[PDB]
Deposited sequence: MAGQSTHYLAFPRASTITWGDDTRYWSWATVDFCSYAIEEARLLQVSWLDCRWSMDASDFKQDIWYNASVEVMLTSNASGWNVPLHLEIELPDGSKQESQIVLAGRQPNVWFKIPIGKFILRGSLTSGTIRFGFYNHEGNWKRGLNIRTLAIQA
């Protein structure tokens, strides 16, 4: 059946404004005996989180699925506009979908599916964004997961 091949924690990603403590915080926690850092959004307007992995990390002729695991805080706001979800293949083609997070239950981890790919070479980009001029607040990011 389907099992996880990789977990990529948000320190492996590029997060716009990620190093500015007005906008993002980083929190050290234990994940299954490994120290990780959650990326905790305080507030940002240009919300953009992208992991980049090469197509050579993966096997050929296999359907992969990706998800991002997040938590909304009690302070969540700005989620009335769709969060765009993307996988970008090396040729520039994209798997595009979206989710509206407004009104979702806070303080529970949930895994947002962000799409599927098959290889049948170069960079694959995984992640999510919303670039509208409103403030997004109160999303904590745990990990990207890639399964097959």
When the deposited sequence is counted from residue 1, which ranges lack any model? 1-2, 123-126
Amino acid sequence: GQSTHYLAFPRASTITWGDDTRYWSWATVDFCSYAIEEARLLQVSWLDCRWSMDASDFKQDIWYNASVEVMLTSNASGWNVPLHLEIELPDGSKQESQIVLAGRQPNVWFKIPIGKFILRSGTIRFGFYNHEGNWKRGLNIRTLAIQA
From here on, numbers count along this sequence of modelled residues.
Assert higher mean C-alpha B factor (136-144 or 20-28, deposited values) equals 20-28
For the higher mean C-alpha B factor in the entry, choose 39-47 or 104-112. 104-112
Per the entry, which of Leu83, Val70, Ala66, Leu119 tops the list for Cα B factor? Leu119
Just say lowest, middle or highest third for the CA B-factor of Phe58 relative to the other modelled residues in its chain. highest
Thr4: C-alpha B-factor third of its chain, per the entry, is the lowest
